[PDB]
Amino acid sequence: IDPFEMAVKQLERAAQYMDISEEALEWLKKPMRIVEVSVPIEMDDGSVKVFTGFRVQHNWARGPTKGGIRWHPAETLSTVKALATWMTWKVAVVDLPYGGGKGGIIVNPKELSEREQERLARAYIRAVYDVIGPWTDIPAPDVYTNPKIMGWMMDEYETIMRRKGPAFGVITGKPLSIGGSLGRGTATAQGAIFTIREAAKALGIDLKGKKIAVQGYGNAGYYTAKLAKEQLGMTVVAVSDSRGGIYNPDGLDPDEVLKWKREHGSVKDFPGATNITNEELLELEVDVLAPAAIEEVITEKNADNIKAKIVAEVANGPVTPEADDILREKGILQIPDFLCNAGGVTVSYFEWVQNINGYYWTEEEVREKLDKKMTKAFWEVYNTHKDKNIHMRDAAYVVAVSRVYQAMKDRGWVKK
Ligand SMILES: N[C@@H](CCC(=O)O)C(=O)O
Ligand SMILES: N[C@@H](CCC(=O)O)C(=O)O
């Protein structure tokens, strides 16, 4: 199951719903630049180990490419290419002057010390310097990379760059001390909450007092539940982790559950709550269900059993296309994954804007701008959903690919 293959198939399926020339589709099926580099670092024992690093820039018709860096032992070039392709549509659906791109190093960072991690980050920047920049390619944190590594990478880039321009804007997700942006820790959850609110408004539902079930209790799931309870006033009845689920009709307090999970490593056996598992958790009678964990969790095996009026796909591809079908004919509004979790990329654009301008904002300004962006993106996707009578996801693909195609035509890359 080649990751890249799946992305190309999804793009073709999408192109089956819109008027796009075959030359433009052939252009969009290939990354515009792929860079594979050797990343040599000096280990703590004195030896030199060489790692494999990637930087894929799928498309830059709309502006500089944007995408995170993954440090995973199972990283492959095809995975990076597929993720860069998805990043293109993600920045296009939420309307950002960005293209799509992604990077990665095939490494197990859990067995690297802090000094070796810093050496790896600096060596990666020294290797890929010639294809990145504030107006060329802006990396960001991703799987097993965090703001600390982002700061190390920014410092190395500034050292090579001799401070001749906005070196802060070369990479996002930085610490606040060095050009970091506020509201960035709860970006994804805030965007998901905004999309859920707009979806409820579209469906004619006032969310105050109804049930939400969240699967996955990392930063995304926990903050999704928390912001749901405060901003949307909904009742959080079920949460789960990489172990099991906890359900309470009266409502769970996300802060207490987070304390429980930190203390014991799992959310299981929470006081005054029935312990359950993920499979039966996916089908509680709730108004909103927010899968925020590992991919491929809703499948034709249990798609019919889903009873949530609104499904917000915080995670990347939690729902299979077949389940997309059954959920559609069941009457359930799905927020597509790369529209729902648009908060992350959105915030990163805001941070870049701040770095380029040299002027930073506050929490309220970031929050308001994110609200407007996510509301507009959701409403465009939903209006395409209505007008073309296609799936929500397919509408997101229509919006994003239409924007990229228009940008490609405007530059004259494709003459038709
Ligand atoms: N992996 C992140 C990167 C976004 C960013 O550039 O901040 C995402 O697209 O969700
Ligand atoms: N990768 C995250 C969602 C996307 C993000 O946080 O950037 C998850 O699966 O929970």
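Going from the start of the chain as shown, residues are counted 1 onward.
The way this entry was determined, per its header, is electron microscopy, 2.6 Å.
Using N, Cα and C of the backbone, Cβ positions are placed for all residues, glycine too.
The active site annotation in Swiss-Prot covers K102 and is backed by sequence analysis. The annotation NAD(+) binding site is assigned in Swiss-Prot to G216, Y217, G218, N219, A220, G221, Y222.
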Cβ packing number for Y217 (NAD(+) binding site), 10 Å threshold: 27
Whole-number Å value for how far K102 (active site) lies from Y217 (NAD(+) binding site) (Cα to Cα): 25
Rounded distance in angstrom between the Cα atoms of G221 (NAD(+) binding site) and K102 (active site): 24
Extra residues within 8 Å (Cβ to Cβ centroid of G216, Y217, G218, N219, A220, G221, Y222), NAD(+): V214, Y223, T224, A292, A293
Proximal but sequence-remote residues of the same chain as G218 (NAD(+) binding site) (Cβ under 8 Å, at least 6 apart): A292, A293
Entries of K102, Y217, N219, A220, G221, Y222 (recorded positions) sitting next to ligand 2, with Cβ under 6 Å as the cut-off: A220
Distance, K102 (active site) to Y222 (NAD(+) binding site) (CA atoms, angstrom): 26
Rounded inter-Cα distance in Å - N219 (NAD(+) binding site), the residue listed as 'active site': 22
Distance [Cα-Cα, Å, rounded] between the residue listed as 'active site' and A220 (NAD(+) binding site): 21
